[PDB]
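Chemist: This is model28.csv (CSV, C-alpha atoms and all ligand atoms).
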chain,number,residue,atom,x,y,z
H,14,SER,CA,100.3,123.4,111.5
H,15,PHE,CA,99.3,120.7,108.9
H,16,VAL,CA,96.3,122.5,107.5
H,17,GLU,CA,98.2,123.5,104.3
H,18,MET,CA,98.7,119.7,103.5
H,19,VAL,CA,95.0,118.8,103.9
H,20,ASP,CA,93.6,117.8,100.5
H,21,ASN,CA,97.0,117.8,98.9
H,22,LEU,CA,96.3,114.5,97.0
H,23,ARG,CA,94.4,113.9,93.8
H,24,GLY,CA,93.6,110.7,91.9
H,25,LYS,CA,91.8,107.5,92.7
H,26,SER,CA,92.4,104.0,93.9
H,27,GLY,CA,92.2,102.6,90.4
H,28,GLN,CA,95.0,104.7,88.9
H,29,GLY,CA,96.8,106.0,92.0
H,30,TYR,CA,96.9,109.0,94.3
H,31,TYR,CA,99.4,111.7,93.5
H,32,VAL,CA,100.9,114.8,95.2
H,33,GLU,CA,102.3,117.8,93.4
H,34,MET,CA,106.0,118.3,93.6
H,35,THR,CA,108.7,120.5,92.0
H,36,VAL,CA,112.1,119.4,90.8
H,37,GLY,CA,115.1,121.4,89.7
H,38,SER,CA,116.0,125.0,89.3
H,39,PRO,CA,114.0,126.8,88.0
H,40,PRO,CA,111.3,124.5,89.5
H,41,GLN,CA,109.6,122.0,87.2
H,42,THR,CA,106.2,121.0,88.5
H,43,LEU,CA,105.2,117.3,88.3
H,44,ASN,CA,102.4,115.1,89.7
H,45,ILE,CA,103.9,112.2,91.6
H,46,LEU,CA,102.2,109.0,92.6
H,47,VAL,CA,102.6,108.2,96.4
H,48,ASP,CA,103.8,104.7,96.8
H,49,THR,CA,104.4,103.1,100.2
H,50,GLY,CA,105.3,99.8,98.4
H,51,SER,CA,108.6,101.0,97.1
H,52,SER,CA,111.5,103.3,97.9
H,53,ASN,CA,112.7,104.9,94.6
H,54,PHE,CA,111.8,108.5,93.6
H,55,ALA,CA,111.5,108.4,89.8
H,56,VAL,CA,110.1,110.7,87.2
H,57,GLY,CA,109.4,110.5,83.5
H,58,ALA,CA,112.4,112.1,81.9
H,59,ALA,CA,111.8,111.3,78.2
H,60,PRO,CA,108.7,111.5,75.9
H,61,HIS,CA,106.1,108.8,76.4
H,62,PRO,CA,102.6,108.4,74.9
H,63,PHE,CA,100.9,108.7,78.3
H,64,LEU,CA,103.0,111.6,79.7
H,65,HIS,CA,101.8,115.1,79.3
H,66,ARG,CA,105.0,116.5,80.7
H,67,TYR,CA,108.3,115.2,82.0
H,68,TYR,CA,111.5,116.2,83.8
H,69,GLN,CA,114.0,118.0,81.6
H,70,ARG,CA,117.4,117.6,83.3
H,71,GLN,CA,119.0,119.9,80.7
H,72,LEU,CA,116.8,122.8,82.0
H,73,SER,CA,117.9,122.5,85.7
H,74,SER,CA,121.0,124.3,86.9
H,75,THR,CA,121.0,122.3,90.1
H,76,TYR,CA,120.8,118.8,88.4
H,77,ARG,CA,123.8,116.5,89.1
H,78,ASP,CA,124.4,113.3,87.3
H,79,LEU,CA,125.5,110.2,89.3
H,80,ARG,CA,126.7,108.3,86.2
H,81,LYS,CA,124.8,105.2,87.3
H,82,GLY,CA,121.8,103.4,85.8
H,83,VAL,CA,118.8,102.0,87.6
H,84,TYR,CA,115.8,99.8,86.9
H,85,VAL,CA,112.9,99.0,89.2
H,86,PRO,CA,110.4,96.1,88.5
H,87,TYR,CA,107.0,96.2,90.3
H,88,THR,CA,104.2,93.7,90.6
H,89,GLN,CA,102.9,95.7,87.6
H,90,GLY,CA,105.2,97.5,85.3
H,91,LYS,CA,108.9,98.4,85.3
H,92,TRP,CA,111.1,101.2,84.2
H,93,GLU,CA,114.8,102.0,83.7
H,94,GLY,CA,116.7,105.3,83.7
H,95,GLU,CA,119.6,107.3,84.9
H,96,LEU,CA,120.3,108.2,88.5
H,97,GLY,CA,121.0,111.8,89.6
H,98,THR,CA,120.2,114.4,92.3
H,99,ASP,CA,118.3,117.7,92.2
H,100,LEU,CA,116.5,120.1,94.5
H,101,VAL,CA,113.0,118.9,95.3
H,102,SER,CA,110.0,120.6,97.0
H,103,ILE,CA,106.4,119.8,97.8
H,104,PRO,CA,104.3,123.0,97.3
H,105,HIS,CA,101.4,121.7,99.5
H,106,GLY,CA,103.8,120.2,102.0
H,107,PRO,CA,106.4,121.5,104.5
H,108,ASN,CA,108.0,124.8,103.4
H,109,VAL,CA,111.4,123.3,102.6
H,110,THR,CA,113.7,122.2,99.8
H,111,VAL,CA,116.0,119.1,99.8
H,112,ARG,CA,118.5,117.6,97.5
H,113,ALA,CA,117.1,114.2,96.7
H,114,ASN,CA,118.0,111.2,94.6
H,115,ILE,CA,116.0,111.1,91.4
H,116,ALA,CA,115.8,108.4,88.8
H,117,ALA,CA,115.2,109.9,85.3
H,118,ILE,CA,113.0,107.4,83.6
H,119,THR,CA,114.1,106.9,80.0
H,120,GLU,CA,112.3,103.7,79.2
H,121,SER,CA,109.3,102.0,80.7
H,122,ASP,CA,107.0,99.0,80.2
H,123,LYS,CA,103.4,99.1,81.3
H,124,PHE,CA,104.3,101.6,84.0
H,125,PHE,CA,102.6,104.9,83.1
H,126,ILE,CA,98.8,104.7,83.0
H,127,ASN,CA,96.9,106.5,80.2
H,128,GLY,CA,94.9,109.4,81.7
H,129,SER,CA,96.3,109.0,85.3
H,130,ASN,CA,97.7,112.6,85.3
H,131,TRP,CA,100.9,111.6,87.1
H,132,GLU,CA,104.4,111.6,85.7
H,133,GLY,CA,106.5,110.0,88.4
H,134,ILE,CA,106.4,107.9,91.6
H,135,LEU,CA,107.5,108.7,95.2
H,136,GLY,CA,108.6,105.5,96.9
H,137,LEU,CA,108.1,106.1,100.6
H,138,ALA,CA,109.4,102.7,102.0
H,139,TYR,CA,112.8,102.0,103.4
H,140,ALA,CA,116.3,101.9,101.7
H,141,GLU,CA,116.4,98.1,102.1
H,142,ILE,CA,114.3,97.7,99.0
H,143,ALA,CA,115.7,100.7,97.0
H,144,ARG,CA,117.2,100.0,93.6
H,145,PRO,CA,120.0,99.4,92.6
H,146,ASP,CA,120.8,98.8,96.3
H,147,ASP,CA,120.1,100.2,99.8
H,148,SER,CA,122.9,102.9,99.6
H,149,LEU,CA,120.6,105.0,97.4
H,150,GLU,CA,118.9,107.1,100.1
H,151,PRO,CA,115.1,107.4,99.6
H,152,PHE,CA,113.4,110.7,99.4
H,153,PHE,CA,111.8,110.7,102.9
H,154,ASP,CA,115.2,109.7,104.4
H,155,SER,CA,116.7,112.7,102.7
H,156,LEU,CA,113.9,114.9,103.9
H,157,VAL,CA,114.4,113.9,107.5
H,158,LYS,CA,118.2,114.2,107.4
H,159,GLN,CA,118.4,117.6,105.8
H,160,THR,CA,115.4,119.3,107.6
H,161,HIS,CA,113.6,119.2,110.9
H,162,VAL,CA,110.5,117.5,109.4
H,163,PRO,CA,109.7,114.8,112.0
H,164,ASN,CA,110.2,111.2,110.9
H,165,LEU,CA,106.6,110.2,110.1
H,166,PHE,CA,103.8,110.9,107.7
H,167,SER,CA,100.2,110.0,107.4
H,168,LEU,CA,97.9,109.1,104.5
H,169,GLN,CA,94.2,109.8,104.2
H,170,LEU,CA,93.0,108.2,100.9
H,171,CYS,CA,89.4,109.1,100.0
H,172,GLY,CA,87.1,107.1,97.7
H,173,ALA,CA,84.4,108.2,95.3
H,187,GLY,CA,91.4,113.1,96.6
H,188,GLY,CA,93.0,112.8,100.0
H,189,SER,CA,95.7,114.1,102.2
H,190,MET,CA,99.4,113.2,102.8
H,191,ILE,CA,100.5,114.9,106.0
H,192,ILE,CA,104.2,115.1,105.9
H,193,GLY,CA,105.8,115.2,109.3
H,194,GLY,CA,102.8,114.6,111.5
H,195,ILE,CA,99.3,113.6,112.3
H,196,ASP,CA,96.3,115.9,111.7
H,197,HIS,CA,93.7,115.0,114.3
H,198,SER,CA,90.9,116.6,112.2
H,199,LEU,CA,91.3,113.9,109.5
H,200,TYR,CA,90.0,111.1,111.7
H,201,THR,CA,87.6,110.1,114.5
H,202,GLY,CA,87.9,107.7,117.4
H,203,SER,CA,91.2,106.2,118.5
H,204,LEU,CA,94.3,105.5,116.6
H,205,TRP,CA,95.4,101.8,116.9
H,206,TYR,CA,99.0,100.9,116.2
H,207,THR,CA,100.6,97.8,114.8
H,208,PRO,CA,104.4,97.3,114.9
H,209,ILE,CA,106.4,97.5,111.7
H,210,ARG,CA,107.8,94.0,111.7
H,211,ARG,CA,110.9,95.0,109.6
H,212,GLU,CA,112.0,98.2,107.9
H,213,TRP,CA,112.0,97.3,104.2
H,214,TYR,CA,108.4,97.3,103.0
H,215,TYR,CA,105.9,98.6,105.6
H,216,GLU,CA,105.6,95.0,106.8
H,217,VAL,CA,102.9,94.1,109.3
H,218,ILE,CA,101.5,90.9,110.9
H,219,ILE,CA,97.9,89.8,110.4
H,220,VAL,CA,96.8,87.5,113.3
H,221,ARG,CA,93.2,86.7,112.4
H,222,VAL,CA,90.7,87.2,109.5
H,223,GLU,CA,86.9,87.1,109.9
H,224,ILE,CA,84.2,87.4,107.2
H,225,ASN,CA,80.8,88.6,108.5
H,226,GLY,CA,82.1,87.7,112.0
H,227,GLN,CA,83.2,84.1,111.1
H,228,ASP,CA,86.8,83.2,111.5
H,229,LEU,CA,88.5,81.8,108.4
H,230,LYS,CA,90.2,79.4,110.8
H,231,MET,CA,93.5,79.1,108.9
H,232,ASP,CA,96.9,78.9,110.4
H,233,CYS,CA,97.7,82.6,110.8
H,234,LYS,CA,101.0,82.1,109.1
H,235,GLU,CA,98.9,81.7,105.9
H,236,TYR,CA,97.7,85.3,106.2
H,237,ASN,CA,101.4,86.5,106.1
H,238,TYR,CA,102.7,83.8,103.7
H,239,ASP,CA,105.8,85.5,102.4
H,240,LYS,CA,104.9,88.9,104.0
H,241,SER,CA,102.1,91.4,104.6
H,242,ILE,CA,102.6,95.0,103.5
H,243,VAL,CA,100.7,98.3,103.5
H,244,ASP,CA,100.9,99.6,99.9
H,245,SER,CA,99.2,102.9,98.8
H,246,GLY,CA,100.6,102.2,95.3
H,247,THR,CA,98.5,99.1,94.6
H,248,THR,CA,94.7,99.3,94.2
H,249,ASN,CA,93.5,95.9,95.5
H,250,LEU,CA,93.5,93.8,98.6
H,251,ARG,CA,95.8,91.1,97.4
H,252,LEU,CA,95.9,87.7,99.2
H,253,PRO,CA,98.1,84.6,99.1
H,254,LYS,CA,96.5,81.7,97.1
H,255,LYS,CA,95.1,79.8,100.1
H,256,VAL,CA,93.6,82.9,101.7
H,257,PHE,CA,92.2,84.2,98.5
H,258,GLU,CA,90.4,81.0,97.8
H,259,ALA,CA,88.9,80.8,101.3
H,260,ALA,CA,88.0,84.5,101.1
H,261,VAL,CA,86.3,84.2,97.7
H,262,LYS,CA,84.6,81.0,98.8
H,263,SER,CA,83.1,82.8,101.8
H,264,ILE,CA,82.2,85.9,99.8
H,265,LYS,CA,80.5,83.9,97.1
H,266,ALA,CA,78.5,82.0,99.7
H,267,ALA,CA,77.3,85.2,101.3
H,268,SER,CA,76.1,86.7,97.9
H,269,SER,CA,74.8,83.4,96.4
H,270,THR,CA,71.3,84.8,95.9
H,271,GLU,CA,72.8,86.6,92.9
H,272,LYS,CA,74.7,85.3,89.8
H,273,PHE,CA,78.2,86.6,88.8
H,274,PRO,CA,80.4,85.2,86.1
H,275,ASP,CA,83.6,83.5,87.4
H,276,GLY,CA,85.5,86.3,85.5
H,277,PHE,CA,84.1,88.8,88.0
H,278,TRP,CA,85.7,87.0,90.9
H,279,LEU,CA,89.0,87.2,88.9
H,280,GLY,CA,88.7,91.0,88.6
H,281,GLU,CA,88.4,90.7,84.8
H,282,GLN,CA,84.7,91.3,84.3
H,283,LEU,CA,82.6,94.0,85.9
H,284,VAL,CA,79.1,93.8,87.4
H,285,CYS,CA,76.4,96.4,87.1
H,286,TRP,CA,73.0,97.2,88.7
H,287,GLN,CA,70.4,99.9,88.2
H,288,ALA,CA,71.8,103.1,89.9
H,289,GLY,CA,70.9,103.0,93.5
H,290,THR,CA,70.0,99.3,93.6
H,291,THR,CA,73.4,97.8,94.3
H,292,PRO,CA,72.7,94.9,96.8
H,293,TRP,CA,75.4,95.9,99.3
H,294,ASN,CA,73.7,93.9,102.1
H,295,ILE,CA,74.6,90.6,100.4
H,296,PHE,CA,78.3,91.3,100.5
H,297,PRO,CA,80.1,90.6,103.8
H,298,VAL,CA,82.4,92.8,105.8
H,299,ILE,CA,86.0,91.6,106.2
H,300,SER,CA,87.8,92.0,109.5
H,301,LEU,CA,91.6,92.0,109.5
H,302,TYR,CA,93.2,91.7,113.0
H,303,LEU,CA,96.6,93.2,113.3
H,304,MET,CA,99.3,92.6,115.9
H,305,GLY,CA,99.1,95.2,118.6
H,306,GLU,CA,101.6,97.1,120.8
H,307,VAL,CA,101.0,95.2,124.0
H,308,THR,CA,101.6,91.6,124.9
H,309,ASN,CA,98.9,89.2,123.5
H,310,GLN,CA,96.9,92.2,122.2
H,311,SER,CA,95.6,92.9,118.7
H,312,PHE,CA,93.0,95.2,117.2
H,313,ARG,CA,90.8,94.9,114.1
H,314,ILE,CA,89.9,96.9,111.1
H,315,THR,CA,86.7,96.1,109.3
H,316,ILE,CA,86.4,96.5,105.5
H,317,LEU,CA,83.0,97.2,103.9
H,318,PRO,CA,82.0,95.9,100.4
H,319,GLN,CA,82.0,99.5,99.2
H,320,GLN,CA,85.8,99.2,99.5
H,321,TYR,CA,86.4,95.9,97.8
H,322,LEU,CA,83.8,96.5,95.1
H,323,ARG,CA,85.6,99.2,93.2
H,324,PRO,CA,83.3,101.6,91.2
H,325,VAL,CA,84.0,101.7,87.5
H,326,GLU,CA,82.4,104.0,85.0
H,327,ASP,CA,80.2,102.5,82.3
H,328,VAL,CA,80.7,104.8,79.3
H,329,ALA,CA,78.1,102.9,77.3
H,330,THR,CA,75.1,104.1,79.4
H,331,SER,CA,75.3,106.1,82.6
H,332,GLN,CA,72.3,104.0,83.6
H,333,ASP,CA,73.7,101.3,85.9
H,334,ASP,CA,76.3,101.3,88.7
H,335,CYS,CA,79.3,99.1,87.7
H,336,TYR,CA,81.9,97.6,89.9
H,337,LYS,CA,85.1,95.5,89.7
H,338,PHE,CA,86.1,93.0,92.4
H,339,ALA,CA,89.1,94.6,94.1
H,340,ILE,CA,90.4,91.5,95.8
H,341,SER,CA,93.0,89.5,93.8
H,342,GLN,CA,95.2,86.6,94.3
H,343,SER,CA,98.9,87.1,95.2
H,344,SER,CA,102.0,85.0,95.1
H,345,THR,CA,104.2,87.5,97.0
H,346,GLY,CA,102.1,87.8,100.3
H,347,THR,CA,99.3,90.0,101.5
H,348,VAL,CA,99.0,93.5,100.2
H,349,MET,CA,96.7,96.0,102.0
H,350,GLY,CA,96.2,98.3,99.0
H,351,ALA,CA,94.4,101.5,98.3
H,352,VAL,CA,90.9,100.2,98.6
H,353,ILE,CA,91.8,98.9,102.2
H,354,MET,CA,93.4,102.2,103.2
H,355,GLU,CA,90.4,104.3,101.9
H,356,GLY,CA,88.2,105.4,104.7
H,357,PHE,CA,91.0,104.9,107.2
H,358,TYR,CA,93.6,107.4,108.4
H,359,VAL,CA,96.9,105.5,108.2
H,360,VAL,CA,99.9,106.8,110.2
H,361,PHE,CA,103.4,105.7,109.0
H,362,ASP,CA,105.2,106.4,112.3
H,363,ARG,CA,108.7,105.6,111.2
H,364,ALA,CA,110.2,107.2,114.4
H,365,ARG,CA,108.4,104.6,116.5
H,366,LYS,CA,108.4,101.7,114.0
H,367,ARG,CA,104.6,101.4,114.0
H,368,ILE,CA,101.7,102.0,111.7
H,369,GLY,CA,98.5,103.5,113.1
H,370,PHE,CA,94.9,103.1,111.8
H,371,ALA,CA,91.8,105.2,112.6
H,372,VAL,CA,88.4,105.7,111.0
H,373,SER,CA,88.9,108.5,108.4
H,374,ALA,CA,86.9,111.6,108.3
H,375,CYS,CA,86.3,110.7,104.6
H,376,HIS,CA,85.1,107.3,105.7
H,377,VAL,CA,82.9,105.2,103.4
H,378,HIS,CA,79.6,104.6,105.0
H,379,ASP,CA,76.1,103.5,104.1
H,380,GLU,CA,73.5,103.5,106.9
H,381,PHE,CA,73.5,100.0,108.2
H,382,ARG,CA,77.2,99.1,108.6
H,383,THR,CA,80.4,101.1,109.3
H,384,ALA,CA,84.1,100.7,108.7
H,385,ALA,CA,85.7,100.6,112.1
H,386,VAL,CA,89.0,100.2,114.0
H,387,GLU,CA,88.3,98.4,117.2
H,388,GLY,CA,90.2,97.0,120.2
H,389,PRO,CA,91.6,95.7,122.3
H,390,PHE,CA,91.4,92.0,121.5
H,391,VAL,CA,93.4,89.3,123.1
H,392,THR,CA,95.3,87.0,120.7
H,393,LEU,CA,97.8,84.4,121.9
H,394,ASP,CA,101.1,83.5,120.2
H,395,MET,CA,101.0,86.4,117.7
H,396,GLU,CA,104.7,86.0,117.0
H,397,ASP,CA,104.0,82.6,115.4
H,398,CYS,CA,102.0,84.3,112.7
H,399,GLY,CA,105.0,85.9,110.9
H,400,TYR,CA,106.4,83.9,108.1
H,401,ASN,CA,110.0,82.7,108.2
H,501,LIG,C1,111.7,96.9,93.9
H,501,LIG,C2,111.0,96.7,95.2
H,501,LIG,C3,109.7,97.5,95.3
H,501,LIG,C4,108.7,96.9,94.5
H,501,LIG,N1,107.4,97.1,95.1
H,501,LIG,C5,106.3,96.6,94.5
H,501,LIG,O1,106.3,96.0,93.4
H,501,LIG,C6,105.0,96.9,95.2
H,501,LIG,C7,104.5,95.6,95.9
H,501,LIG,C8,103.9,97.4,94.3
H,501,LIG,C9,104.0,98.9,94.0
H,501,LIG,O2,103.3,99.6,95.0
H,501,LIG,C10,103.6,99.3,92.6
H,501,LIG,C11,103.8,100.8,92.3
H,501,LIG,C12,103.2,101.2,90.9
H,501,LIG,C13,102.4,102.3,90.8
H,501,LIG,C14,101.8,102.6,89.6
H,501,LIG,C15,102.1,101.9,88.5
H,501,LIG,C16,103.0,100.8,88.6
H,501,LIG,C17,103.5,100.4,89.8
H,501,LIG,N2,102.2,98.9,92.3
H,501,LIG,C18,101.9,97.9,91.5
H,501,LIG,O3,102.8,97.1,91.1
H,501,LIG,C19,100.5,97.7,91.1
H,501,LIG,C20,99.8,98.8,90.7
H,501,LIG,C21,98.5,98.7,90.2
H,501,LIG,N3,97.7,99.8,89.9
H,501,LIG,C22,98.2,101.1,89.7
H,501,LIG,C23,97.5,102.1,90.5
H,501,LIG,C24,98.0,102.2,91.9
H,501,LIG,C25,97.0,102.7,93.0
H,501,LIG,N4,97.9,97.5,90.1
H,501,LIG,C26,98.6,96.4,90.4
H,501,LIG,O4,98.0,95.2,90.2
H,501,LIG,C27,98.7,94.0,90.3
H,501,LIG,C28,99.9,96.4,90.9
Let me see the file written as structure tokens.
Modeler:
Amino acid sequence: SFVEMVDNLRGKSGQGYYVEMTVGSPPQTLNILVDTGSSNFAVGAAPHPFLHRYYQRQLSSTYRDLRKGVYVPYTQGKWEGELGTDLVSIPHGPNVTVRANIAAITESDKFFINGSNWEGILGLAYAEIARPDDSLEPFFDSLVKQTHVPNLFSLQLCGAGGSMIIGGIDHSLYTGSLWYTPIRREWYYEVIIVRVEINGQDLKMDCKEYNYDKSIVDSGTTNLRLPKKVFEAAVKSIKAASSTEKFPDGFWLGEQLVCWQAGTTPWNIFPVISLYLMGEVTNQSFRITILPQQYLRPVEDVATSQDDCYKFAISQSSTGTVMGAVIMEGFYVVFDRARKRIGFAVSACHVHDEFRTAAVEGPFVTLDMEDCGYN
């Protein structure tokens, strides 16, 4: 019975999705960003301009110091602090309490986000990328070891809350079939993209380019991030499709925003993006189709609530493909750790106009999918 965990997430793709958690004895309540792109559980533990509250180790009778420091650098931001353990619970999660590793953040740089309403981060990926090293057991590993919570969780991120189903799959959160792609290696949630189409036209690149470095699923990043060569081809194709309208080159860099009179956004001139993922069966893939309503991120114009403004949510990467929050929105994503696979289905909170639809479709036949992984 997962109904208690439905709608247990708040926040947005721009500043992160967070779940409520309690740490220590007596319980201290904190809002924690859910991050499938990392593996450290860390909380603000000292005053900071953008923190409304923080973990007070001194007030917890169950806190234990590990006398070890830690620092984590991300694509954006970094923090350092002191490692320790304490009792942790998830109010709108499974009814259980675990002793988990906790990094008490004492200094940070461009990590906390003004007005985000979260005070910590829950890294849900594997120990291989945990800092300072892989012997620091991540939270979800601790959860599975100390309780009977099954070794999987699912994320339903919704655009303009959501759900994190801890320990299972809630069939009422999606429609259609779940399609699974193998987790290539247990460090990030690494996957293999075997084909990319824009408005049904193949990008016709060596599929190794799509995974150049790696390809990961990351709820803790906003954008779809693409390696240089793929980003240029994708932007070139998207510009061509919307060429009847003018945008400054800063828009295509995610710097500048674009606006239109409310209700006149020309969605039809922006193409759909189809990402084909390696399937579970020999020579078989499936595809997920991304609408422009996902990669044109709505941004509030505080000057005049007249227009509808958007930011281009596709950016260039030097560390491989990242399927960020705008890609996961509208899909139900199953992180099936027990079976080393990630499932995609159309979400019940799917983004839809009236002419096109986000979709998860298969099967497709794709030869030599193994040659698409970077080495
Ligand atoms: C040590 C090995 C593990 C390192 N693993 C990463 O480094 C991954 C690739 C990355 C994280 O998901 C990071 C988590 C995060 C979340 C909030 C604030 C800072 C960092 N996220 C980003 O670094 C990132 C976040 C955002 N926006 C914040 C809202 C998130 C929905 N924007 C970016 O734009 C480039 C990058």
Chemist: At what distance in Å, to one decimal, does CA of residue 100 (chain H) lie from CA of residue 194 (chain H)?
Modeler: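 Taking CA of residue 194 (chain H) as the start and CA of residue 100 (chain H) as the end point, the length is 22.5 Å.
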Chemist: For ligand LIG 501 (chain H), return the neighbouring residues as an MDAnalysis selection string (distance at most 9 Å; only C-alpha atoms and all ligand atoms).
Modeler: chainID H and resid 24:30 46:53 84:91 123:126 129 133:134 136 138 141:145 214 242:249 251 341 343 345 348 350:352
Chemist: Quick one: everything within 6 Å of residue 372 (chain H), counting only C-alpha atoms, minus sequence neighbours fewer than 4 positions away in the same chain. Send it as a compact mmCIF listing (two decimals) with C-alpha atoms, in the coordinates of the input.
Modeler:
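What follows is the written file around-v7.txt:
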# COMPACT_ATOMS: atom_id res chain seq x y z
CA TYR H 200 90.00 111.10 111.70
CA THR H 201 87.60 110.10 114.50
CA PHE H 357 91.00 104.90 107.20
CA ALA H 385 85.70 100.60 112.10
Chemist: From the options H:356, H:39, H:369, H:151, which residue's atoms come nearest to residue 72 (chain H), counting all atoms listed in the file?
Modeler: H:39
Chemist: Of the candidates H:258, H:228, H:216, H:281, which shows the shortest atom-to-atom distance to residue 241 (chain H), using only C-alpha atoms?
Modeler: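 Going through H:258, H:228, H:216, H:281 one by one, the smallest distance to residue 241 (chain H) is for H:216.
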Chemist: If you count all atoms listed in the file, which residues fall within 9 Å of residue 95 (chain H), apart from same-chain ones fewer than 2 positions away, as a PyMOL selection string?
Modeler: chain H and resi 78-84+93+97+115-119
Chemist: Please, could you write that set of residues out with C-alpha atoms as a PDB file, in the frame of the given file?
Modeler:
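Writing done, so here's part39.pdb:
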ATOM      1  CA  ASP H  78     124.400 113.300  87.300  1.00  0.00           C
ATOM      2  CA  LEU H  79     125.500 110.200  89.300  1.00  0.00           C
ATOM      3  CA  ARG H  80     126.700 108.300  86.200  1.00  0.00           C
ATOM      4  CA  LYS H  81     124.800 105.200  87.300  1.00  0.00           C
ATOM      5  CA  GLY H  82     121.800 103.400  85.800  1.00  0.00           C
ATOM      6  CA  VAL H  83     118.800 102.000  87.600  1.00  0.00           C
ATOM      7  CA  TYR H  84     115.800  99.800  86.900  1.00  0.00           C
ATOM      8  CA  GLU H  93     114.800 102.000  83.700  1.00  0.00           C
ATOM      9  CA  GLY H  97     121.000 111.800  89.600  1.00  0.00           C
ATOM     10  CA  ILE H 115     116.000 111.100  91.400  1.00  0.00           C
ATOM     11  CA  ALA H 116     115.800 108.400  88.800  1.00  0.00           C
ATOM     12  CA  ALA H 117     115.200 109.900  85.300  1.00  0.00           C
ATOM     13  CA  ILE H 118     113.000 107.400  83.600  1.00  0.00           C
ATOM     14  CA  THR H 119     114.100 106.900  80.000  1.00  0.00           C
TER      15      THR H 119
END
Chemist: From the list H:92, H:166, H:278, H:370, which residue is nearest residue 196 (chain H) when using only C-alpha atoms?
Modeler: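 Of the candidates, the smallest distance to residue 196 (chain H) is held by H:166.
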Chemist: Under the rule that only C-alpha atoms are counted, which of H:122, H:40, H:94, H:154 is the nearest residue to residue 364 (chain H)?
Modeler: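 Checking each candidate against residue 364 (chain H), we get H:154 as the closest.
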Chemist: Would you work out the distance separating CA of residue 368 (chain H) from CA of residue 131 (chain H), expressed in Å to one decimal?
Modeler: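 A separation of 26.4 Å between them.
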Chemist: Which of these, H:99, H:212, H:396, H:355, has the shortest distance to residue 376 (chain H) once you count all atoms listed in the file?
Modeler: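 Of H:99, H:212, H:396, H:355, the one nearest residue 376 (chain H), counting all atoms listed in the file, is H:355.
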Chemist: Applying 6 Å and only C-alpha atoms, which residues near residue 18 (chain H) remain after dropping the ones on its own chain fewer than 6 positions away? List them as a PDB file with C-alpha atoms, in the coordinates of the input.
Modeler:
ATOM      1  CA  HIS H 105     101.400 121.700  99.500  1.00  0.00           C
ATOM      2  CA  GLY H 106     103.800 120.200 102.000  1.00  0.00           C
ATOM      3  CA  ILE H 191     100.500 114.900 106.000  1.00  0.00           C
TER       4      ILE H 191
END
Chemist: Show which residues sit within 12 Å of residue 275 (chain H), as a ChimeraX atom specification. Count all atoms listed in the file, and ignore same-chain residues fewer than 3 positions away.
Modeler: /H:261-262,265,272,278-284,338
Chemist: Sorted by chain and rising residue number, which residues of region 374-401 of chain H lie within 9 Å of region 304-322 of chain H, and what are their closest atom pairs and distances in Å to one decimal, counting all atoms listed in the file, as a tab-separated table?
Modeler:
residue	atom	partner	partner_atom	distance
H:377	CA	H:319	CA	7.1
H:378	CA	H:319	CA	8.1
H:379	CA	H:319	CA	8.6
H:382	CA	H:317	CA	7.7
H:383	CA	H:317	CA	7.2
H:384	CA	H:315	CA	5.3
H:385	CA	H:315	CA	5.4
H:386	CA	H:314	CA	4.5
H:387	CA	H:313	CA	5.3
H:388	CA	H:312	CA	4.5
H:389	CA	H:312	CA	5.3
H:390	CA	H:311	CA	5.1
H:391	CA	H:310	CA	4.6
H:392	CA	H:309	CA	5.1
H:393	CA	H:309	CA	5.2
H:394	CA	H:309	CA	6.9
H:395	CA	H:304	CA	6.7
H:396	CA	H:304	CA	8.6
Chemist: Nearest to residue 331 (chain H) among H:360, H:285, H:371, H:113, with distances taken over only C-alpha atoms: which residue is it?
Modeler: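 Nearest candidate to residue 331 (chain H) out of H:360, H:285, H:371, H:113: H:285.
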Chemist: Could you state the separation of CA of residue 23 (chain H) and CA of residue 189 (chain H) in Å, given to one decimal place?
Modeler: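 Distance reported for this atom pair: 8.5 Å.
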Chemist: Taking the structure I provided as the source, export region 191-195 of chain H with N, CA, C and O atoms, as a compact mmCIF listing (two decimals), in the first residue's frame.
Modeler:
# COMPACT_ATOMS: atom_id res chain seq x y z
N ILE H 191 7.76 6.95 -4.67
CA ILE H 191 7.26 5.71 -4.09
C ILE H 191 8.48 4.91 -3.64
O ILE H 191 9.27 4.45 -4.46
N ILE H 192 8.64 4.79 -2.33
CA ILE H 192 9.79 4.12 -1.75
C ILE H 192 9.42 2.67 -1.54
O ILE H 192 8.49 2.36 -0.79
N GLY H 193 10.11 1.78 -2.24
CA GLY H 193 9.88 0.36 -2.11
C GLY H 193 8.93 -0.27 -3.12
O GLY H 193 8.60 -1.44 -2.97
N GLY H 194 8.50 0.46 -4.14
CA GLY H 194 7.61 -0.17 -5.08
C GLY H 194 7.18 0.74 -6.21
O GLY H 194 7.77 1.79 -6.47
N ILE H 195 6.16 0.25 -6.90
CA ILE H 195 5.59 0.85 -8.09
C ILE H 195 4.10 1.02 -7.81
O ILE H 195 3.44 0.06 -7.39
